[PDB]
Amino acid sequence: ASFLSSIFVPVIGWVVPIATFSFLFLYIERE
Amino acid sequence: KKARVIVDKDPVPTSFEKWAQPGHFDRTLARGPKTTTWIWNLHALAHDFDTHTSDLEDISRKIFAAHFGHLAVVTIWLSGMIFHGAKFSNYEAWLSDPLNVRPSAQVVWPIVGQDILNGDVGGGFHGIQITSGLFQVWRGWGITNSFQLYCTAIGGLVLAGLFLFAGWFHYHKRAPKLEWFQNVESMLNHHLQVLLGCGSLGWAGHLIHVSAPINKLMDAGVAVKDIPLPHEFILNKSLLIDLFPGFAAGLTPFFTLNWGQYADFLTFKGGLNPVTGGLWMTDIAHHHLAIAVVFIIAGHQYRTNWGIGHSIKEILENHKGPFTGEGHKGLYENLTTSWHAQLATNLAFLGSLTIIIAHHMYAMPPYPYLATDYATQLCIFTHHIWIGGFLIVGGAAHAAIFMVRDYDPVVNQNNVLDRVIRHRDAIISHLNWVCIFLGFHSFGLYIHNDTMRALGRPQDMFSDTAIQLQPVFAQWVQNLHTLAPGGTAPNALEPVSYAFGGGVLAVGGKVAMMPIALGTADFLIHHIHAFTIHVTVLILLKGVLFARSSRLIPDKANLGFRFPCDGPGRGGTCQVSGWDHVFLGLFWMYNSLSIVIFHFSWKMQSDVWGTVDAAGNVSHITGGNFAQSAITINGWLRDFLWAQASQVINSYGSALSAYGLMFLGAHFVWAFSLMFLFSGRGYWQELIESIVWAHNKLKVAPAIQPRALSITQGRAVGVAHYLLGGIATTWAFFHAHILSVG
Amino acid sequence: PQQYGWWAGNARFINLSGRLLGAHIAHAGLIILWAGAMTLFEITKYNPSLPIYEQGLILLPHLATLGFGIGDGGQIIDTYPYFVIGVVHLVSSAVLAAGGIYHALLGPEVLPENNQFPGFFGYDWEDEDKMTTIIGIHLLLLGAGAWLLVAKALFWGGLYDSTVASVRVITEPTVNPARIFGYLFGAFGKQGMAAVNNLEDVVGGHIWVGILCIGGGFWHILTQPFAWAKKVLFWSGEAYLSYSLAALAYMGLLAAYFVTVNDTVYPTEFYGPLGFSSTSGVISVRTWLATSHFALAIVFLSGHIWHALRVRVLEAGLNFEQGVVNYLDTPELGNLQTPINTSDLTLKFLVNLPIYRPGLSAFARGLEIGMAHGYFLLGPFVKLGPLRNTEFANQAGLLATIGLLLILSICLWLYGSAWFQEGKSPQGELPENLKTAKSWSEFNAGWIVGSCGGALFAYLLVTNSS
Amino acid sequence: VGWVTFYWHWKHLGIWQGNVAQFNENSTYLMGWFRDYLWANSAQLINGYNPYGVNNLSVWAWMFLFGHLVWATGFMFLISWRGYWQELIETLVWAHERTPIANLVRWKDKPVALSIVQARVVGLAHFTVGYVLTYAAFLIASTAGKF
Ligand code: CLA
Ligand code: CLA
Ligand code: CLA
Ligand SMILES: CC1=C(/C=C/C(C)=C/C=C/C(C)=C/C=C/C=C(C)/C=C/C=C(C)/C=C/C2=C(C)CCCC2(C)C)C(C)(C)CCC1
Ligand SMILES: CC1=C(/C=C/C(C)=C/C=C/C(C)=C/C=C/C=C(C)/C=C/C=C(C)/C=C/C2=C(C)CCCC2(C)C)C(C)(C)CCC1
Ligand SMILES: CC1=C(C/C=C(\C)CCC[C@H](C)CCC[C@H](C)CCCC(C)C)C(=O)c2ccccc2C1=O
Ligand code: SF4
């Protein structure tokens, strides 16, 4: 189960920020 | 026209009337106080002579008289230092034993237990150990007794008296007209030839006739009582011949260009006297003679009353090229109609010179028994760096004051000053960038290193044992200066400084000076200096270039030099004034110089200073920990601040206890400053309202209505206590540490 | 002419051919005088006991390497060859001196241009053929001079060799192009052309140089300069001077490097130990030659820059009174016109970058930009990464690069998504074919493909460095 | 809360080490606090990492310096006020517009210096975060180091 750390920590570190900042950027610039 | 003495007689009648009329000098202040803001404004405007009167002649007279005043207080101070040397010191004991006895010229009175501060300083004397280097100055002067200091002190009090009289006389009695003041060519001639040239020739005289002989005998181990008085070397030539055979030749070799006949008392030795670890008096003699000649020649450049010579206006006007339009045309008018333009220049370059002096005096210790007095070395370096940094920021302030008050568009159209104003966005944008680049690629390397060390990855660090950043250029220059004697300086025996290379020179057991090797820690700290200087310049240059206007406030010149803002509009215009850029530049000057004196302190203690074994092995004060520690912030926190603060914090119940108290006191004054800097007037005026209510309630409400400090004064008080507290802390730190280990 | 002051007095006869000629023959004479007179000056104070390198004799080393009166172990046994050479120059100086003073003031101010033989020597700075023929004519004499060194090295005695410390005759010159030109490509050492370690490559080098110079000699006299040369170069008389100064500066630095590192063509028995060496306090001949000609190369580069920038200012129709800093024809606009932002070089370069270059599709712009950025971005990741000192340094670096380029691809998609909002075109200096949502998608597709490719290509070159 | 927690911690450190005397005699003058509490108990914390290696307090040593950095960063927003920054950002806007390849890209939102109130918010946050992390690091490292 320890292997989940190798999946989740990179996701919370990179995937989640990129996805969140990408969406929020597109939302705050929507006209 | 011709330079001539032209003065008005009895321009200002002397009377105590105006002494009894506080704020007489300003029309607004003359009406009297209504609020407590008046009391501050009185002191704030006191020496702002441009606001007293419009007349440039009256301003010039006030400035000339004030200077005699400042010369008088400086002479009183220098006379006091020498008097305290004559009366309340162990100077004579220290002459007999320079290496063992500790210089002290301040004795404390026995009251409330403060006599503890009178520590055992050697020479059967109890007092505060002095770090001003006065003993090394007086030894260099060839002063060998207390009577010579008494004479010099009294002489000073008479000179201070003369300076007071001069200032009163040249204001109240015979005040020069504006014509006199604007003879810049005559002033430069007299100040280059007499003040500097004849001063240097005069001093060469003293060195050659008094200092060099007396110091030579003291270095030969002759007892102070056995050494002849300085006049006996003039009256009895035989004594002087015995030390310097070249005097046998007399003055004929000078007039017949047979100057080699003086090669024994006018030398180009280089390095340091091995007895004292200071520069050779004979090198210093030849320096001051050579300086004197170059100055006396230099000060025949400017045309006065005989056609021969340059006019500075014509020189300036002729220096223009295809990038700079009219070039330096109109700058002569700026520098001869604005006192602020002269004060800007003179503060900028005297400040820059004082920092050069700091560097040149540690690397080439000019006084006998200075190099080994590690307390004096650290303190005079730090002192002169600080004075330098304040003077430079003053330069920028008065440059901004000139731009707001004294700048004329008509005089300065398409000249270098006009054209810098026209690309000021390009200047500040590029300087902004280089500041961020230097910040990232200097400080970011420390953060990289801290993180790598913390993650247990020393191989990934920027260090000598990891990813190296060798300062190859500084390393190459050190080599060139080390190879200079015999090569590109054939008639030099040693290098100018052992800092560049050559051998470890040691006096007593201790290292006077040795080569200061540069590596990754020296590359990193040099790029921190570059960073912190470029950011200070960004702030100050932005202050001067945007003093008159910006894209935000077009009419900023109308608001003046010192105004708090132009209100919360345009998003908020807090600290747009040239004054507020000086305010912010002071913090960055403080930040910059703090890291300079910390760099000096740690590098010297780890890599230069220390004891020397009979075999010749150098054991440094902090055992060369700089290379591996000074490459992380944690290393600075631990191995510098934490480690070396042990002496100041453990000083209570000893002669250094005062530094322990100053250390806390200074930490307090610093923290107190944050009240003024972080808060605003609005809060304090509303608090004063409630306090005024209570005073009204008991019928003790003052007629002079209490007001919270002005927005500008809040900031002025803030930065004042911040600098005082911060600098005083380091002062107490440096002393307590270096008076224990050094 | 008359606008130039006495300080710039030699600029008065730029357009006057006779004075300019007379000046060149006169200065030639001055170089010959020095070469000849200083050879005698050095002969007069040669102590055969002490070595040459720590006496301060510079020309005798140059005569020594050619093998003029030397026995075994680089020992100067006879000095008659130094004297005959010294006097030959020193007399040639007096002949060239005469020629100098004649063409200066006694001769005509302008060399006449006509169909007669005296007409041939006459020239104009605009007629490009005549200068090209002069280039070729003097190139034949550079070739001739290189073949005279070869003839000295092969037939007339030979050259001194530091391997055996004797004056061996050369028989088998290296006529291999791959070997001789390999020096230009840094094949046989890091030092390049200054990495020669035998006379066989030196003679071989001067064969190749000899035939190239003679080959170029025939080319330039029989051909006029083509339309591509007609556009890229400046054609004022000061433009040619600035080019020649760039060459002299390059040659000065070349020889300064040669003498510093090379010991074959500069023997240690004559010039002294390699690098910068001082024996018994005395600075070696090598150090003097190296450091002087290094300093003169920096000066002659400063000469190229000065004369080249002056040409570029004059040809732009700008004077030095109004200057090189102007306004944008609308003074109240932000920017100023400067040689950094408005120079034809700057404008031509920027316009021709893939982002601005006409006739590139949105994809092709992205692709070229991608390839460039993807290529250089590999370096930092490979060489400074955490796995830089492992077997996975290149592979780690490549995956990092692809990684960064994928986030940069998202950044592009975000930038486009933000701006392209139904009709409203993006602000900023875009090309006309990147002002639609589909064109921006193509540009992003271009960037991705380009950047991945650029990274992959750099990786294939890095991993196959063998 | 600084004074409250310092007091709580230094009194307890004495009690936990069976050395109440230290607090009892040195807590009556502020050099005692400075030396016997801050200086004395920083010893292990700041050696969490060093040239010789790392231990389990390396993270607290790093957070300790992080706190000091975030605190100090707060001073910038609290001391230097908006008008300075708005004038600086104006030149950056100029430079972007005039840079030949960079001026390709354009902001949707005009760059402006933080508001007067926002600067007090951001300044006070950096100050607070700095205050908390610095003491959290010191409190934990110094106690966990001894115990
Ligand atoms: C919060 C989570 C997080 C995680 C899990 C990582 C993980 C990593 N970082 Mg760290 N990093 C982070 C936050 C994070 N970072 C932050 C906030 C900063 C700024 C303070 C940094 C600053 C930093 C630097 C300066 C460096 C790292 C490096 C690394 C790598 C070192 C491991 C190694 O030596 O193998 C070697 C591993 C590789 C060469 C890369 C493996 C493949 C990559 C991760 C992705 C491949 C493409 C992917 C499939 C798709 C696109 C990317 C993305 C959208 C997912 C590792 C992948 C080092 C590195 O190697 O950079 C690339 C490095 O030099 N990081
Ligand atoms: C520690 C305290 C602190 C710090 C870090 C800063 C930082 C800065 N000051 Mg400020 N300043 C301060 C205190 C501080 N100041 C105080 C107390 C005052 C009141 C006097 C000021 C008043 C002031 C003035 C008047 C000016 C500055 C300017 C600057 C900037 C200079 C340019 C630079 O070096 O950028 C580089 C950035 C740094 C060195 C910060 C650290 C960078 C880290 C190590 C790298 C990034 C790591 C990572 C990628 C983080 C993100 C990842 C994460 C989100 C996952 C810089 C951002 C100047 C400026 O803006 O000119 C350019 C300027 O003119 N400051
Ligand atoms: C701010 C300066 C700074 C610098 C220079 C470095 C440098 C480095 N870091 Mg460190 N780091 C830093 C701050 C810094 N760090 C900070 C603040 C932290 C957070 C605490 C870290 C945390 C960290 C981690 C966790 C790791 C690193 C690592 C590294 C190394 C590899 C990084 C890498 O591959 O990036 C690649 C960089 C680029 C792709 C950008 C290159 C920029 C180019 C060269 C600019 C070119 C401009 C050009 C000259 C101008 C135009 C050209 C013209 C022709 C048009 C490298 C030595 C890694 C390592 O392994 O250490 C050895 C690693 O694992 N760093
Ligand atoms: C420390 C001090 C002091 C003192 C000081 C003094 C004591 C000084 C002095 C000074 C001096 C004592 C100086 C002098 C000088 C001099 C000079 C400067 C001279 C010059 C000369 C010349 C220039 C010459 C010329 C000539 C002639 C005449 C003839 C022949 C020729 C000739 C050219 C050689 C006092 C008390 C104030 C106090 C404070 C501190
Ligand atoms: C000095 C100078 C300069 C220059 C510099 C630079 C900029 C450098 C860099 C460089 C670089 C930056 C380069 C680059 C290159 C690149 C390359 C060479 C690429 C390649 C690529 C490829 C070939 C690819 C391919 C592919 C693709 C695309 C896709 C698919 C896959 C493949 C692989 C097939 C300039 C001009 C600015 C200006 C003047 C001065
Ligand atoms: C504390 C504080 C105040 C309050 C401080 C004030 C009003 C200063 C008042 C202190 C002086 C020392 C009062 C002196 C009064 C009498 C002259 C004392 C007479 C008694 C003596 C003779 C002993 C401000 O007004 C202010 C304004 C703008 C920004 C920040 C701040 C700020 O931080
Ligand atoms: S907060 Fe103070 S300085 Fe800023 S706009 Fe308001 S009154 Fe002016």
Side-chain angles (χ1 to χ4, degrees), chain A residues 13 17, chain B residues 428-429 431-448 450-451 528 531-532 534-543 563-577 580-581 583-591 633 674 677 680-682 711-712 714-715 718-719 722, chain C residues 345-346 349-350 353 367-379 446 448-461, chain D residues 68-85 87-89 91-92 115-117 119-120 123 126 130:
Chain B
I428 294 307
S429 60
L431 187 44
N432 183 279
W433 164 77
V434 78
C435 284
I436 300 167
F437 164 83
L438 282 170
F440 284 135
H441 300 80
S442 72
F443 180 64
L445 302 189
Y446 284 84
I447 297 309
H448 172 103
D450 271 279
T451 304
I528 291 284
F531 169 54
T532 58
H534 273 86
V535 173
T536 316
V537 171
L538 171 59
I539 295 155
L540 296 176
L541 191 50
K542 176 165 177 292
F563 66 95
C565 58
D566 199 20
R570 298 173 269 240
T573 64
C574 311
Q575 295 175 11
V576 288
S577 83
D580 290 298
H581 290 66
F583 160 82
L584 293 177
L586 281 166
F587 290 97
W588 265 96
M589 184 266 293
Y590 172 76
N591 187 47
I633 305 311
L674 303 185
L677 293 175
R681 204 194 103 81
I711 297 169
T712 298
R715 293 169 185 166
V719 71
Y722 194 105
Chain C
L345 182 59
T346 287
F349 174 73
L350 285 172
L353 285 177
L367 182 68
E368 188 164 350
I369 294 158
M371 282 161 66
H373 286 85
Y375 181 90
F376 79 70
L377 273 171
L378 186 75
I448 294 153
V449 167
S451 61
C452 291
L456 193 147
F457 182 65
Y459 169 90
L460 289 180
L461 295 199
Chain D
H68 274 87
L69 178 54
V70 170
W71 191 75
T73 301
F75 278 44
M76 179 161 51
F77 298 101
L78 296 175
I79 296 167
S80 65
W81 290 9
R82 185 171 187 281
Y84 174 81
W85 296 100
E87 288 185 338
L88 197 64
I89 289 163
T91 72
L92 300 183
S115 73
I116 290 162
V117 171
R120 292 166 188 159
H126 281 81

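Lettering follows sequence order; numbering is per chain, from 1. Read the numbers this way: they start at 1 and go in the same order the structure lists the ligands and their atoms.
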Do any N/O/S atoms of B:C565 come under 2.8 Å of atom 8 (Fe) of ligand 7?
yes

Looking at B:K542 and D:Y84, would you say the former's side chain and the latter's main chain have a donor-acceptor pair under 3.5 Å?
yes

Output the list of atoms in ligand 5 that are nearer than 4.0 Å to some heavy atom of C:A372, sorted by atom number.
12 (C)

If you have a sec, work out which protein heavy atom is nearest atom 13 (C) of ligand 5 and how many Å separate them, to one decimal?
C:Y375 CD2, 4.4 Å

Between atom CZ of D:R82 and atom CZ of D:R120, what is the distance when rounded to the nearest 0.5 Å?
12.5 Å

Rounded to the nearest 0.5 angstrom, the CG-OG1 distance for B:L438 and B:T532 is 9.5 Å

Do B:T573 side-chain atoms and B:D566 backbone N/O form a donor-acceptor pair below 3.5 Å?
yes

Should you measure from each heavy atom of B:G567, which atoms of ligand 7 turn up under 4.0 Å away?
5 (S)

Selection from B:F440, B:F583, B:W433 by shortest heavy-atom distance to atom 43 (C) of ligand 2
B:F440

Considering only protein heavy atoms, determine whether one is less than 4.0 Å from atom 40 (C) of ligand 2.
no

Working to the nearest 0.5 Å, report the span between CG of D:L69 and CD1 of B:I633.
9.0 Å

Report, in ascending order of atom number, the atoms of ligand 2 lying under 4.0 Å from any heavy atom of B:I539.
24 (C), 25 (C), 64 (O)

Atom 20 (C) of ligand 5: which protein heavy atom is closest, and how many Å away?
C:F457 CD2, 3.5 Å

Centroid-centroid distance, B:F587 to B:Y722, less than 6.0 Å
yes

Could any protein non-hydrogen atom be found less than 4.0 Å from atom 3 (S) of ligand 7?
yes

Considering all protein heavy atoms, does one lie under 4.0 Å from atom 11 (C) of ligand 5?
no

Can we call the ring centroids of C:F376 and C:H373 under 6.0 Å apart?
yes

Among D:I79, B:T532, D:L69, which residue places a heavy atom closest to atom 19 (C) of ligand 2?
D:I79

Drop me the distance from B:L445's CG to B:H441's NE2, to the nearest 0.5 angstrom.
8.0 Å

Using a strict cut-off of 4.0 Å, indicate which atoms of ligand 2 neighbour a heavy atom of B:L538.
61 (O), 62 (C), 64 (O)

Please state which part of B:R715 comes within less than 4.0 Å of ligand 7, counting heavy atoms only: side chain, backbone, both or neither.
side chain

Taking atom 38 (C) of ligand 5 as the reference point, the nearest protein heavy atom with its distance
C:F349 CZ, 4.5 Å

As an exercise, identify every atom of ligand 2 less than 4.0 angstrom from a heavy atom of D:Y84.
25 (C), 63 (C), 64 (O)

Is atom 24 (C) of ligand 5 in close reach of the protein, with a heavy atom under 4.0 Å away?
yes

What is the closest protein heavy atom to atom 19 (C) of ligand 5, and at what distance does it sit?
C:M371 O, 3.8 Å

Please write down residue, atom name and distance for the protein heavy atom closest to atom 1 (C) of ligand 2.
D:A72 CB, 3.4 Å

Take atom 28 (C) of ligand 5 and look for protein heavy atoms under 4.0 Å from it; say yes if you find one, no if not.
yes

Taking only heavy atoms of C:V449 into account, list the atoms of ligand 5 that are under 4.0 Å away from them.
29 (C)

Show the atoms of ligand 7 that are less than 4.0 angstrom away from any heavy atom in D:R120.
1 (S)

Can you check whether a protein heavy atom sits less than 4.0 angstrom from atom 48 (C) of ligand 2?
no

Is a side-chain N or O of B:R681 found less than 3.5 angstrom from the main chain of B:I711, in a donor-acceptor match?
no

Please check if the side chain of B:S577 supplies one atom and the backbone of B:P564 the other of a donor-acceptor pair under 3.5 Å.
no

Protein residue, atom and distance nearest to atom 26 (C) of ligand 5, heavy-atom basis:
C:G453 CA, 3.7 Å

Using a strict cut-off of 4.0 Å, indicate which atoms of ligand 7 neighbour a heavy atom of B:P568.
5 (S)

Ligand-side contact atoms (ligand 5) for residue partner C:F376, heavy atom cut-off under 4.0 Å:
12 (C)

Under-4.0 Å protein heavy-atom contact, atom 6 (C) of ligand 2
yes

Gap separating the CD1 atom of D:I116 from the SG atom of B:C565, nearest 0.5 angstrom
7.5 Å

Test your reading of the model: is there a side-chain donor-acceptor pair from B:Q575 to the backbone of D:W81, 3.5 Å cut-off?
yes

Sub-6.0 Å ring centroid separation between B:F583 and B:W588
no

Take atom 55 (C) of ligand 2 and look for protein heavy atoms under 4.0 Å from it; say yes if you find one, no if not.
no

Note the single closest protein heavy atom to atom 44 (C) of ligand 2, along with its residue, its atom name and the distance in Å.
B:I447 CG1, 3.7 Å

Is the shortest side-chain heavy-atom distance between B:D580 and B:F563 below 4.5 Å?
no

Shortest reach to atom 17 (C) of ligand 2 by a heavy atom, considering only B:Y446, D:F75, B:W588, D:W85
D:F75

Side-chain (D:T91) to main-chain (D:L88) donor-acceptor, under 3.5 angstrom:
yes

Any protein heavy atom at under 4.0 Å, with atom 26 (C) of ligand 2 as the reference point?
yes

Atom NE2 in B:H534, atom CG in B:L541: separation rounded to 0.5 Å?
11.0 Å

Checking contacts now, so for atom 30 (C) of ligand 2, which I'm interested in, is there any protein heavy atom under 4.0 Å?
no

Candidate with minimal heavy-atom separation from atom 32 (C) of ligand 2, of B:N432, B:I436, B:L540
B:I436

Is any protein N, O or S atom closer than 2.8 Å to atom 10 (Mg) of ligand 2, and if so, which?
D:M76 SD

